[PDB]
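Chains as they are written, first to last, in the entry's author numbering: chain R, 14 to 382; chain Q, 2 to 55; chain 1, 2 to 34, 43 to 55. Please read the structure below before turning to the comments.
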Amino acid sequence: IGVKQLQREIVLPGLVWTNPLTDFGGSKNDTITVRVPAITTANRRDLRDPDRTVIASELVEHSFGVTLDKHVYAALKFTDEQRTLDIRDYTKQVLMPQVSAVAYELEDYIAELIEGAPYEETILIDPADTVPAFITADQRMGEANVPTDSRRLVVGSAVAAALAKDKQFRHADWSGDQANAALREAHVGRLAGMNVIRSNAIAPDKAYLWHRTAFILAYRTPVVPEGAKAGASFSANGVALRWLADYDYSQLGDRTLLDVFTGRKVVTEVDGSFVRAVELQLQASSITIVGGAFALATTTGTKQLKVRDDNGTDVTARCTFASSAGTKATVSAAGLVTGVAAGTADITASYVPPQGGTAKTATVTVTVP
Amino acid sequence: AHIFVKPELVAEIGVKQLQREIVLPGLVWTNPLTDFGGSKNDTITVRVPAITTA
Amino acid sequence: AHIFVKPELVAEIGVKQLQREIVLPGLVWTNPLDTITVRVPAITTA
């Protein structure tokens, strides 16, 4: 009888351009200089013009650097604590958790690469009709002449739910799908030519669309040093990590380390404007506090408030909290509410919407003991 | 510490400047008239037949 | 005018730092083994 702890699902590592460059050890500053070929311009004269000079064009090639800059590792300390005092099988209770931790760290690395790109504009998704937002996203990558091949679309856990709840996909007449894959199942697969990939690594209420040649990502396995007591190479979702175990004789226990060198790059144009990927955010209209009216345990108790907007997005760190009566209870900026006197208190949560404008306010009451 | 002398490798990986596709030239009437050399002012006159009313 | 992107080539042509030639070792009595002792035979008179 064994139940596992709930953990994310790995999608991102397979959906990005990985290792197009693999000789960072052969360049100064661990930087490969990718060159971008040159395009030129033509000029128009006038026939039979007395002025018979021409304007010479130019052939300027461009370049940008890709660098290894991070070192993702998971380190475990075993102050003795082995054999009987701890893990009996040193293959499923230590190696597997360590490899999974490094894999999740790599996925978070890619996720922060994708979310942190210099998106100049965010495309709002109206929950009532979500298709126009995605068609606009497709259009924005057509105005930049991005190829239509190998184009990926990753949606959050809330955008997928909004898509399934959209009457465009839920009603079979409006979609032509006389099976209602969006009603019998909660799954909508293809829209606006883009295959949806669901993911939880990215923000819940965001979607990202990117060409393959928009996020270069490079990996490098550290070579096992000759003077290591135990050395091996593991594989986490297509990445060769180095596992290295070495005793210490002074720290009263051996240590293990599972690591890999990583680097990432957003392929920006020669102008410096990022046009090879777009982001979309699910538009929100109102917020509420989960659980409604509630009560604490003692007068000096603590409760962790949780605010959800209309489309089930956990907007807690993105909203500010105020207390009507601080003499009875107070609210932290992170949602913690603690009472200072016995009685009622009114808590107001203000969340500025992604579209901009007056912040939506949700008021709840609490009865501190 | 150790000082290594290393090259500065340059690679091409298919990232190219984005360019429009060519559509328009095949959709416009091209070269109905060719003998522009044998005409004054390099201009060829096109004549539209007449119509009348009863 | 025209601008090209080129790498800094590094090549080895056989030029190397000049080093001494190992001659003295092998001309000196070497004894592989803490310490060792050598006994000189005795001589006498008559």
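All C-beta atoms, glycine included, are put in the ideal place defined by N, C-alpha and C.
9 Å Cβ cutoff, residue i in contact with chain Q
i	result
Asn158 (chain R)	yes
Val291 (chain R)	no
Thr313 (chain R)	no
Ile127 (chain R)	no
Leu60 (chain R)	yes
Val237 (chain R)	no
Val288 (chain R)	yes
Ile68 (chain R)	no
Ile52 (chain R)	yes
Cβ of residue i within 9 Å of any chain 1 Cβ
i	result
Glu71 (chain R)	yes
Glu282 (chain R)	no
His75 (chain R)	yes
Alpha-carbon to alpha-carbon, residue j and residue i
i	j	result
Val29 (chain R)	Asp162 (chain R)	14 Å
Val112 (chain R)	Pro367 (chain R)	37 Å
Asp218 (chain R)	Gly169 (chain R)	6 Å
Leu293 (chain R)	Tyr221 (chain R)	6 Å
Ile210 (chain R)	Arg203 (chain R)	10 Å
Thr326 (chain R)	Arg58 (chain R)	60 Å
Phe91 (chain R)	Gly370 (chain R)	54 Å
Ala174 (chain R)	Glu125 (chain R)	23 Å
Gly352 (chain R)	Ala330 (chain R)	21 Å
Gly155 (chain R)	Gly189 (chain R)	26 Å
residue 35 (chain 1)	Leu25 (chain 1)	Missing from the coordinates is residue 35 (chain 1); the shown part of chain 1 jumps over it, going from 34 to 43.
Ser298 (chain R)	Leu34 (chain R)	45 Å
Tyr132 (chain R)	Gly356 (chain R)	48 Å
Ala216 (chain R)	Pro382 (chain R)	37 Å
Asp284 (chain R)	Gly78 (chain R)	15 Å
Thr31 (chain Q)	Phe37 (chain Q)	14 Å
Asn158 (chain R)	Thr80 (chain R)	27 Å
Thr234 (chain R)	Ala258 (chain R)	16 Å
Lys319 (chain R)	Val379 (chain R)	14 Å
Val252 (chain R)	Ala241 (chain R)	21 Å
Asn208 (chain R)	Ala150 (chain R)	13 Å
Closer than 9 Å to chain R by CB, residue i
i	result
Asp43 (chain Q)	yes
### Any 3 or more C-beta pairs closer than 8 Å across the region 47-54 of chain R and the region 62-74 of chain R
yes
### Message
Pairs of beta-carbons, one from the region 41-52 of chain R and one from the region 2-18 of chain Q, closer than 8 Å: are there three or more?
### Response
yes
### Query
Could you give the uninterrupted runs of the beta strand (DSSP E) lying entirely in the region 20-103 of chain R, keeping only those of 3 residues or more?
44-49, 75-80 and 83-90
#### Entry: Validate contact between the region 171-191 of chain R and the region 141-153 of chain R using beta carbons, cut 8 Å, 3 pairs
yes
### Query
What residues in the region 23-50 of chain R have a beta carbon less than 7 Å from any beta carbon of chain Q?
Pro33, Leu34, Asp36, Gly39, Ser40, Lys41, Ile45, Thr46, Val47, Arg48, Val49 and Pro50
### Message
Short of 8 Å Cβ to Cβ, which residues in the region 4-21 of chain Q face chain R?
### Response
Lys7, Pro8, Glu9, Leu10, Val11, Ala12, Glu13, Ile14, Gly15, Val16, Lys17, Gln18, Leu19, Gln20 and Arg21
### Query
Would you call the region 273-287 of chain R and the region 220-230 of chain R touching, i.e. three or more CB-CB distances under 8 Å?
yes
### Secondary structure, beta strand (DSSP E): runs of 3+ residues fully inside the region 279-324 of chain R
290-295, 300-302, 315-317 and 320-322
#### Entry: Three-pair Cβ contact test at 8 Å for the region 15-26 of chain 1 versus the region 88-104 of chain R
no
### Query
When the Cβ atoms of the region 301-319 of chain R are set against those of the region 114-131 of chain R, are three or more pairs found closer than 8 Å?
no
### Runs of alpha helix (DSSP H) wholly within the region 170-253 of chain R (minimum 4 residues, chain order)
170-178, 180-183 and 185-188
### Message
If the cut-off is 7 Å on Cβ atoms, which residues from the region 209-231 of chain R count as contacting chain Q, listed in chain order?
### Response
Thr226
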